[PDB]
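> Sharing my_file.txt, compact mmCIF, C-alpha atoms:
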```txt
# COMPACT_ATOMS: atom_id res chain seq x y z
CA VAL A 3244 0.00 0.00 0.00
CA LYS A 3245 2.83 2.38 0.91
CA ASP A 3246 4.73 1.47 -2.27
CA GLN A 3247 1.61 2.31 -4.27
CA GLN A 3248 1.24 5.54 -2.30
CA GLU A 3249 4.81 6.56 -3.10
CA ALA A 3250 4.03 5.75 -6.74
CA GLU A 3251 0.97 8.00 -6.55
CA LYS A 3252 2.96 10.77 -4.88
CA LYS A 3253 5.17 10.48 -7.94
CA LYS A 3254 1.91 10.64 -9.91
CA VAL A 3255 1.24 13.94 -8.14
CA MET A 3256 4.70 14.86 -9.39
CA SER A 3257 3.38 13.78 -12.80
CA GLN A 3258 0.54 16.26 -12.34
CA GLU A 3259 3.29 18.80 -11.70
CA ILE A 3260 4.85 17.52 -14.95
CA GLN A 3261 1.54 18.31 -16.67
CA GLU A 3262 1.86 21.81 -15.21
CA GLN A 3263 5.36 21.80 -16.70
CA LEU A 3264 3.81 20.77 -20.03
CA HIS A 3265 1.67 23.89 -19.80
CA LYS A 3266 4.97 25.67 -19.14
CA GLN A 3267 6.26 23.86 -22.24
CA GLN A 3268 3.37 25.32 -24.23
CA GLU A 3269 4.33 28.78 -22.97
CA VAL A 3270 7.98 28.06 -23.82
CA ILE A 3271 7.06 26.86 -27.32
CA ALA A 3272 4.97 29.98 -27.97
CA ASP A 3273 7.74 32.32 -26.79
CA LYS A 3274 10.38 30.37 -28.73
CA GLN A 3275 8.20 30.48 -31.85
CA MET A 3276 8.03 34.26 -31.54
CA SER A 3277 11.80 34.47 -30.97
CA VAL A 3278 12.56 32.12 -33.88
CA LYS A 3279 10.26 34.14 -36.14
CA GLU A 3280 12.27 37.22 -35.19
CA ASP A 3281 15.49 35.27 -35.81
CA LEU A 3282 14.27 34.13 -39.23
CA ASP A 3283 13.49 37.77 -40.02
CA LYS A 3284 16.89 39.02 -38.86
CA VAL A 3285 19.72 36.46 -38.73
CA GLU A 3286 19.59 34.82 -42.18
CA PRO A 3287 21.17 37.77 -44.09
CA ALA A 3288 23.96 37.76 -41.48
CA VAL A 3289 24.56 34.07 -42.23
CA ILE A 3290 24.63 34.89 -45.95
CA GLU A 3291 27.14 37.69 -45.30
CA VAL B 3244 -5.72 0.69 -3.35
CA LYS B 3245 -7.89 3.75 -4.20
CA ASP B 3246 -9.82 3.31 -0.89
CA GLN B 3247 -6.52 3.29 1.13
CA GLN B 3248 -5.37 6.38 -0.86
CA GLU B 3249 -8.63 8.15 0.19
CA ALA B 3250 -8.01 7.00 3.80
CA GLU B 3251 -4.50 8.61 3.65
CA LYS B 3252 -6.00 11.82 2.13
CA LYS B 3253 -8.26 11.86 5.24
CA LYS B 3254 -5.13 11.14 7.37
CA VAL B 3255 -3.77 14.24 5.51
CA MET B 3256 -6.91 16.02 6.71
CA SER B 3257 -5.86 14.65 10.19
CA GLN B 3258 -2.40 16.22 9.73
CA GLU B 3259 -4.25 19.51 9.08
CA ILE B 3260 -5.98 18.62 12.40
CA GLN B 3261 -2.60 18.56 14.14
CA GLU B 3262 -2.07 22.07 12.76
CA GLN B 3263 -5.48 22.85 14.25
CA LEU B 3264 -4.22 21.41 17.55
CA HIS B 3265 -1.41 23.96 17.39
CA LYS B 3266 -4.19 26.47 16.77
CA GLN B 3267 -5.88 24.95 19.84
CA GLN B 3268 -2.74 25.64 21.86
CA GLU B 3269 -2.85 29.26 20.67
CA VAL B 3270 -6.56 29.40 21.51
CA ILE B 3271 -5.96 27.95 24.98
CA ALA B 3272 -3.20 30.47 25.69
CA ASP B 3273 -5.34 33.42 24.57
CA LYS B 3274 -8.38 32.11 26.47
CA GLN B 3275 -6.28 31.59 29.60
CA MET B 3276 -5.13 35.21 29.44
CA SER B 3277 -8.69 36.40 28.80
CA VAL B 3278 -10.09 34.27 31.64
CA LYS B 3279 -7.39 35.60 33.96
CA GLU B 3280 -8.59 39.09 33.05
CA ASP B 3281 -12.19 37.96 33.62
CA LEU B 3282 -11.30 36.51 37.03
CA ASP B 3283 -9.68 39.84 37.90
CA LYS B 3284 -12.69 41.85 36.73
CA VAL B 3285 -16.06 40.06 36.65
CA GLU B 3286 -16.30 38.34 40.05
CA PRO B 3287 -17.17 41.55 41.99
CA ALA B 3288 -19.87 42.21 39.38
CA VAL B 3289 -21.29 38.74 40.09
CA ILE B 3290 -21.21 39.53 43.82
CA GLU B 3291 -23.00 42.83 43.17
CA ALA B 3292 -25.62 41.09 41.02
CA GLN B 3293 -26.26 38.60 43.83
CA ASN B 3294 -26.45 41.43 46.38
CA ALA B 3295 -29.03 43.21 44.21
CA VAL B 3296 -31.24 40.13 44.57
CA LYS B 3297 -30.41 40.13 48.29
CA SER B 3298 -31.82 43.67 48.49
CA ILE B 3299 -35.06 43.74 50.48
CA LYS B 3300 -38.19 45.59 49.36
CA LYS B 3301 -38.54 47.54 52.62
CA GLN B 3302 -35.08 49.14 52.46
CA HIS B 3303 -35.70 50.74 49.07
CA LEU B 3304 -39.42 51.44 49.54
CA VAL B 3305 -39.03 53.35 52.82
CA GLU B 3306 -36.24 55.52 51.43
CA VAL B 3307 -38.01 56.28 48.14
CA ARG B 3308 -40.81 57.83 50.21
CA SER B 3309 -38.31 60.03 52.08
CA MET B 3310 -38.95 63.77 51.92
CA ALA B 3311 -35.27 64.69 51.50
CA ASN B 3312 -32.56 62.42 50.12
CA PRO B 3313 -29.17 62.47 51.87
CA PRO B 3314 -26.34 63.96 49.78
CA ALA B 3315 -24.46 60.66 49.47
CA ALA B 3316 -27.58 58.90 48.19
CA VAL B 3317 -28.16 61.68 45.63
CA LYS B 3318 -24.54 61.54 44.46
CA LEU B 3319 -24.59 57.76 44.08
CA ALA B 3320 -28.09 57.59 42.59
CA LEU B 3321 -27.82 60.26 39.88
CA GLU B 3322 -25.01 58.36 38.13
CA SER B 3323 -26.94 55.08 38.34
CA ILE B 3324 -29.92 56.68 36.59
CA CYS B 3325 -27.53 58.09 33.99
CA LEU B 3326 -27.23 54.42 32.95
CA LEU B 3327 -31.01 53.99 32.71
CA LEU B 3328 -31.53 56.32 29.71
CA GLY B 3329 -33.34 58.71 32.06
CA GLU B 3330 -30.46 61.16 32.45
CA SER B 3331 -31.62 63.71 35.02
CA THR B 3332 -30.61 65.57 38.18
CA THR B 3333 -33.98 65.97 39.94
CA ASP B 3334 -35.18 63.92 42.91
CA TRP B 3335 -38.74 63.52 41.61
CA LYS B 3336 -37.57 61.95 38.34
CA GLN B 3337 -35.54 59.51 40.46
CA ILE B 3338 -38.67 58.72 42.49
CA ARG B 3339 -40.78 58.19 39.37
CA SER B 3340 -38.12 56.01 37.73
CA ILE B 3341 -37.83 53.85 40.86
CA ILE B 3342 -41.57 53.60 41.66
CA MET B 3343 -42.41 51.02 38.98
CA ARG B 3344 -42.45 47.38 40.06
CA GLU B 3345 -40.58 46.77 36.78
CA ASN B 3346 -37.48 48.22 38.49
CA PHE B 3347 -36.76 45.00 40.40
CA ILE B 3348 -35.91 43.28 37.09
CA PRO B 3349 -33.19 45.48 35.48
CA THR B 3350 -30.96 45.68 38.58
CA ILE B 3351 -29.06 42.87 36.81
CA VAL B 3352 -29.98 43.47 33.14
CA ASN B 3353 -27.63 46.44 32.70
CA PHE B 3354 -24.53 45.35 30.80
CA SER B 3355 -21.05 46.88 30.72
CA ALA B 3356 -20.66 47.26 26.94
CA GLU B 3357 -23.74 49.49 26.58
CA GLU B 3358 -21.95 52.47 28.14
CA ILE B 3359 -20.64 55.34 26.00
CA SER B 3360 -17.07 56.58 26.44
CA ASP B 3361 -18.20 60.16 27.09
CA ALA B 3362 -20.49 58.96 29.89
CA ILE B 3363 -17.58 56.89 31.23
CA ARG B 3364 -15.36 59.98 31.37
CA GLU B 3365 -18.18 62.00 32.95
CA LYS B 3366 -18.53 59.40 35.69
CA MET B 3367 -14.75 59.34 36.14
CA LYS B 3368 -14.85 63.09 36.78
CA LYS B 3369 -17.78 62.55 39.14
CA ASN B 3370 -15.64 59.97 40.95
CA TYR B 3371 -12.85 62.54 41.20
CA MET B 3372 -15.17 65.16 42.71
CA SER B 3373 -16.71 62.46 44.94
CA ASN B 3374 -13.83 60.06 45.72
CA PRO B 3375 -14.49 60.04 49.52
CA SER B 3376 -18.10 59.07 48.69
CA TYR B 3377 -19.45 55.68 47.50
CA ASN B 3378 -18.28 52.52 49.24
CA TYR B 3379 -16.87 54.45 52.21
CA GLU B 3380 -20.23 55.78 53.39
CA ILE B 3381 -21.64 52.44 52.31
CA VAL B 3382 -19.39 50.99 55.02
CA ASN B 3383 -20.36 53.81 57.38
CA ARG B 3384 -24.17 53.22 57.42
CA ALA B 3385 -25.65 55.65 54.86
CA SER B 3386 -28.35 53.07 54.11
CA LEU B 3387 -28.70 49.32 53.77
CA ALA B 3388 -30.49 49.73 50.43
CA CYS B 3389 -27.75 51.82 48.77
CA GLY B 3390 -24.90 49.42 49.55
CA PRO B 3391 -25.50 46.71 46.94
CA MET B 3392 -26.69 49.15 44.28
CA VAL B 3393 -23.93 51.68 45.03
CA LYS B 3394 -21.27 48.98 44.71
CA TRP B 3395 -22.98 47.87 41.49
CA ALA B 3396 -22.78 51.44 40.19
CA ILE B 3397 -19.11 51.93 41.13
CA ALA B 3398 -18.43 48.84 39.01
CA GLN B 3399 -19.17 48.43 35.27
CA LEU B 3400 -16.77 51.34 34.75
CA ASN B 3401 -13.65 49.27 35.40
CA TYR B 3402 -14.97 46.84 32.77
CA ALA B 3403 -15.49 49.76 30.40
CA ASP B 3404 -12.40 51.06 28.57
CA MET B 3405 -10.46 47.88 29.21
CA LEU B 3406 -13.04 45.60 27.70
CA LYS B 3407 -12.02 47.65 24.66
CA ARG B 3408 -8.61 46.12 25.31
CA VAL B 3409 -10.43 42.75 25.28
CA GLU B 3410 -12.51 43.63 22.19
CA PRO B 3411 -9.63 42.89 19.73
CA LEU B 3412 -8.77 39.97 22.00
CA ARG B 3413 -12.31 38.56 21.88
CA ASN B 3414 -12.57 39.23 18.14
CA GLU B 3415 -9.39 37.24 17.49
CA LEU B 3416 -10.80 34.63 19.87
CA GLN B 3417 -14.05 34.50 17.87
CA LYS B 3418 -12.16 34.11 14.59
CA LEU B 3419 -9.99 31.34 16.05
CA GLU B 3420 -13.01 29.64 17.65
CA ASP B 3421 -14.97 29.66 14.40
CA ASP B 3422 -12.07 28.32 12.33
CA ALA B 3423 -11.05 25.76 14.96
CA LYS B 3424 -14.59 24.55 15.64
CA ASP B 3425 -15.27 24.09 11.94
CA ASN B 3426 -11.92 22.31 11.67
CA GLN B 3427 -12.67 20.11 14.70
CA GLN B 3428 -16.07 19.18 13.29
CA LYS B 3429 -14.06 18.24 10.21
CA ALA B 3430 -11.70 16.34 12.53
CA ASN B 3431 -14.51 14.36 14.14
CA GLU B 3432 -16.44 14.01 10.82
CA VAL B 3433 -13.26 13.36 8.74
CA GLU B 3434 -12.18 10.87 11.43
CA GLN B 3435 -15.58 9.12 11.07
CA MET B 3436 -15.31 8.99 7.26
CA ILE B 3437 -11.65 7.78 7.30
```
Rewrite the structure of this file - the entire thing - as structure tokens.

Amino acid sequence: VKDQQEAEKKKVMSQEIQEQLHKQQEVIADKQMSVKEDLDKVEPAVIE
Amino acid sequence: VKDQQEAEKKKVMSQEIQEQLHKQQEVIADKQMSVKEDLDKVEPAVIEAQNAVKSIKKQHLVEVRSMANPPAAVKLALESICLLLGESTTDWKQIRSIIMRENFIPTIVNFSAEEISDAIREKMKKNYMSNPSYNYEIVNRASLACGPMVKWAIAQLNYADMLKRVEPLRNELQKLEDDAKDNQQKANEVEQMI
């Protein structure tokens, strides 16, 4: 029972990981904006 | 497995209950201080309330019919009537206010928190002008009727203006009591469900 309960505390940690997947969505959105800016700006520097 | 997990979640509610037992320790400390204050203050009021019942009809009735009131009785009776919403300084209004048979009831009904701070300060100044009066000529032999009621009147002013020190105390006590009693009902009821 206690082994299962430690497993389910780690499942609560997995709920925290789902929160971190929401954080991943935020990260992906911000990185998409930054990479769009980088595609606008950096490529001519690479060509140069 | 799920049932045991729910039982542990209730045991987690029980852990919150240990936090509420720490809150109980805080509540007990605050209540002990408040009850020490109450033991310092209230017991003479209880004695005065009992003495008001001990007061005999004859002692008051004979002296109400008196043609001229003694100065000590006037001094100690005007302030008592200042409590009774009949603020006045004339002997006949005192007589009329005391005549009714409905005046044997509110010798105990009057409560300390109903007094206004300005009236409290007025009666403090009256005490200053009349410090040798009150309980001293009660001890002398001014009248048997005045004694209990005069000692009742000299009180209720100590309670005032330091019950306002207890007002934040009792408000914090009420908040803690409400939270802790709800949490202890949860403790008993959560214990039952677990």
> Write down, as a list in words, each residue of chain A that has any atom within 9 Å of an atom of chain B, counting only C-alpha atoms.
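Every residue meeting the condition is included here: residues 3244, 3247, 3248 and 3251 of chain A.
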> Find the spatial neighbours of segment 3353-3356 of chain B, counting only C-alpha atoms, within a cut-off of 7 Å - ignore same-chain residues fewer than 5 positions away - and output them as an MDAnalysis selection string.
chainID B and resid 3399 3402:3403
> Those residues you just picked out, can you put them in a file as a PDB file, in the frame of the given file with C-alpha atoms?

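Done, and the output landed in selection-v3.pdb:
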```pdb
ATOM      1  CA  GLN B3399     -19.170  48.430  35.270  1.00  0.00           C
ATOM      2  CA  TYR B3402     -14.970  46.840  32.770  1.00  0.00           C
ATOM      3  CA  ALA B3403     -15.490  49.760  30.400  1.00  0.00           C
TER       4      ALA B3403
END
```
> Which residue out of B:3328, B:3304, B:3372, B:3352 has the minimum interatomic distance to residue 3395 of chain B when all atoms listed in the file are used?
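The closest residue to residue 3395 of chain B is B:3352.
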> With a distance cut-off of 12 Å and only C-alpha atoms, select the neighbouring residues of residue 3406 of chain B, excluding the residue or stretch itself and same-chain residues fewer than 6 positions from it, and output the selection as a PyMOL selection string.
chain B and resi 3277+3280-3281+3284-3285+3354-3358+3360+3399-3400+3412-3414
> Hey, what's within 12 Å of residue 3421 of chain B if we count only C-alpha atoms and toss same-chain stuff fewer than 6 positions away? As a ChimeraX atom specification, please?
/B:3263,3266-3267,3270,3413-3415,3427-3428
> At what distance in Å, to one decimal, does atom CA of residue 3337 of chain B lie from atom CA of residue 3291 of chain B?
21.0 Å
> Which residues, written as number ranges by chain, have at least one atom at most 7 Å from segment 3286-3288 of chain B, with only C-alpha atoms counted and residues fewer than 4 positions away on the same chain left out?
B: 3282, 3292, 3395, 3398
> So how many Å separate atom CA of residue 3290 of chain B and atom CA of residue 3416 of chain B, to one decimal?
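Value for the atom CA of residue 3290 of chain B-atom CA of residue 3416 of chain B distance: 26.6 Å.
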> One number please: atom CA of residue 3308 of chain B to atom CA of residue 3336 of chain B, in Å, one decimal.
13.0 Å
> Between B:3396, B:3381, B:3405, B:3250, which one has atoms that come closest to residue 3324 of chain B, using all atoms listed in the file?
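Checking each candidate against residue 3324 of chain B, we get B:3396 as the closest.
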> Would you please work out which residue, of B:3424, B:3418, B:3318, B:3303, is nearest to residue 3331 of chain B when using only C-alpha atoms?
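Ranked by minimum distance to residue 3331 of chain B, first place goes to B:3318.
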> Can I get N, CA and C atoms for segment 3307-3349 of chain B, as a short mmCIF file (atom, residue, chain, number, x, y, z; two decimals), in the first residue's frame?

```cif
data_model
loop_
_atom_site.label_atom_id
_atom_site.label_comp_id
_atom_site.auth_asym_id
_atom_site.auth_seq_id
_atom_site.Cartn_x
_atom_site.Cartn_y
_atom_site.Cartn_z
N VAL B 3307 -37.43 55.57 49.28
CA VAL B 3307 -38.01 56.28 48.14
C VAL B 3307 -39.05 57.29 48.61
N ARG B 3308 -39.78 56.96 49.67
CA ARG B 3308 -40.81 57.83 50.21
C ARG B 3308 -40.24 58.95 51.09
N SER B 3309 -38.93 59.00 51.25
CA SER B 3309 -38.31 60.03 52.08
C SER B 3309 -38.53 61.42 51.48
N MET B 3310 -38.73 62.40 52.37
CA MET B 3310 -38.95 63.77 51.92
C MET B 3310 -37.68 64.38 51.34
N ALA B 3311 -36.53 64.13 51.97
CA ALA B 3311 -35.27 64.69 51.50
C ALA B 3311 -34.24 63.58 51.44
N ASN B 3312 -33.59 63.44 50.28
CA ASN B 3312 -32.56 62.42 50.12
C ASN B 3312 -31.23 62.92 50.68
N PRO B 3313 -30.48 62.06 51.36
CA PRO B 3313 -29.17 62.47 51.87
C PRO B 3313 -28.20 62.71 50.72
N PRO B 3314 -27.22 63.60 50.91
CA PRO B 3314 -26.34 63.96 49.78
C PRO B 3314 -25.59 62.78 49.18
N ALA B 3315 -25.14 61.83 50.01
CA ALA B 3315 -24.46 60.66 49.47
C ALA B 3315 -25.38 59.85 48.58
N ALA B 3316 -26.63 59.65 49.01
CA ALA B 3316 -27.58 58.90 48.19
C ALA B 3316 -27.83 59.60 46.86
N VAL B 3317 -27.96 60.93 46.88
CA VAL B 3317 -28.16 61.68 45.63
C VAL B 3317 -26.95 61.49 44.71
N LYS B 3318 -25.75 61.64 45.27
CA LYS B 3318 -24.54 61.54 44.46
C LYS B 3318 -24.42 60.15 43.83
N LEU B 3319 -24.78 59.11 44.58
CA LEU B 3319 -24.59 57.76 44.08
C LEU B 3319 -25.79 57.28 43.26
N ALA B 3320 -26.90 58.02 43.31
CA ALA B 3320 -28.09 57.59 42.59
C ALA B 3320 -28.23 58.31 41.25
N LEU B 3321 -27.74 59.55 41.15
CA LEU B 3321 -27.82 60.26 39.88
C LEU B 3321 -27.04 59.52 38.79
N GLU B 3322 -25.83 59.08 39.11
CA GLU B 3322 -25.01 58.36 38.13
C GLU B 3322 -25.62 57.02 37.74
N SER B 3323 -26.28 56.33 38.68
CA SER B 3323 -26.94 55.08 38.34
C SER B 3323 -28.07 55.30 37.34
N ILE B 3324 -28.86 56.36 37.53
CA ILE B 3324 -29.92 56.68 36.59
C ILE B 3324 -29.37 57.16 35.26
N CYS B 3325 -28.17 57.77 35.26
CA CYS B 3325 -27.53 58.09 33.99
C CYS B 3325 -27.32 56.85 33.12
N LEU B 3326 -27.24 55.66 33.72
CA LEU B 3326 -27.23 54.42 32.95
C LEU B 3326 -28.59 54.12 32.34
N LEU B 3327 -29.67 54.48 33.03
CA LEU B 3327 -31.01 53.99 32.71
C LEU B 3327 -31.73 54.85 31.68
N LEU B 3328 -30.98 55.56 30.83
CA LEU B 3328 -31.53 56.32 29.71
C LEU B 3328 -32.44 57.46 30.18
N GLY B 3329 -32.54 57.64 31.49
CA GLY B 3329 -33.34 58.71 32.06
C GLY B 3329 -32.49 59.79 32.68
N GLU B 3330 -31.43 60.19 31.96
CA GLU B 3330 -30.46 61.16 32.45
C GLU B 3330 -31.13 62.40 33.03
N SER B 3331 -30.95 62.62 34.33
CA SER B 3331 -31.62 63.71 35.02
C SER B 3331 -30.89 63.99 36.33
N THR B 3332 -31.19 65.15 36.91
CA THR B 3332 -30.61 65.57 38.18
C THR B 3332 -31.65 66.01 39.19
N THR B 3333 -32.90 65.58 39.05
CA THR B 3333 -33.98 65.97 39.94
C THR B 3333 -34.45 64.77 40.75
N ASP B 3334 -34.80 65.01 42.02
CA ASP B 3334 -35.18 63.92 42.91
C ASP B 3334 -36.49 63.27 42.48
N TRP B 3335 -37.44 64.07 41.99
CA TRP B 3335 -38.74 63.52 41.61
C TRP B 3335 -38.65 62.60 40.40
N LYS B 3336 -37.78 62.90 39.43
CA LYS B 3336 -37.57 61.95 38.34
C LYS B 3336 -36.95 60.65 38.84
N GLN B 3337 -36.04 60.72 39.82
CA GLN B 3337 -35.54 59.51 40.46
C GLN B 3337 -36.68 58.72 41.08
N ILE B 3338 -37.56 59.40 41.82
CA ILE B 3338 -38.67 58.72 42.49
C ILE B 3338 -39.57 58.05 41.47
N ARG B 3339 -39.92 58.77 40.40
CA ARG B 3339 -40.78 58.19 39.37
C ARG B 3339 -40.11 57.00 38.69
N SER B 3340 -38.81 57.10 38.40
CA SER B 3340 -38.12 56.01 37.73
C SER B 3340 -38.03 54.78 38.63
N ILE B 3341 -37.96 54.98 39.95
CA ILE B 3341 -37.83 53.85 40.86
C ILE B 3341 -39.18 53.29 41.32
N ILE B 3342 -40.27 54.04 41.15
CA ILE B 3342 -41.57 53.60 41.66
C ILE B 3342 -42.01 52.29 41.01
N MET B 3343 -41.85 52.16 39.69
CA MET B 3343 -42.41 51.02 38.98
C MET B 3343 -41.91 49.70 39.54
N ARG B 3344 -42.82 48.73 39.65
CA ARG B 3344 -42.45 47.38 40.06
C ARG B 3344 -41.54 46.71 39.04
N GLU B 3345 -41.49 47.24 37.81
CA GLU B 3345 -40.58 46.77 36.78
C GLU B 3345 -39.15 47.20 37.02
N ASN B 3346 -38.84 47.81 38.16
CA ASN B 3346 -37.48 48.22 38.49
C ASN B 3346 -36.75 47.18 39.33
N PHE B 3347 -37.42 46.11 39.74
CA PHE B 3347 -36.76 45.00 40.40
C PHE B 3347 -36.10 44.05 39.42
N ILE B 3348 -36.47 44.12 38.14
CA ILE B 3348 -35.91 43.28 37.09
C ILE B 3348 -34.55 43.80 36.60
N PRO B 3349 -34.43 45.05 36.15
CA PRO B 3349 -33.19 45.48 35.48
C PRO B 3349 -32.04 45.85 36.42
#
```
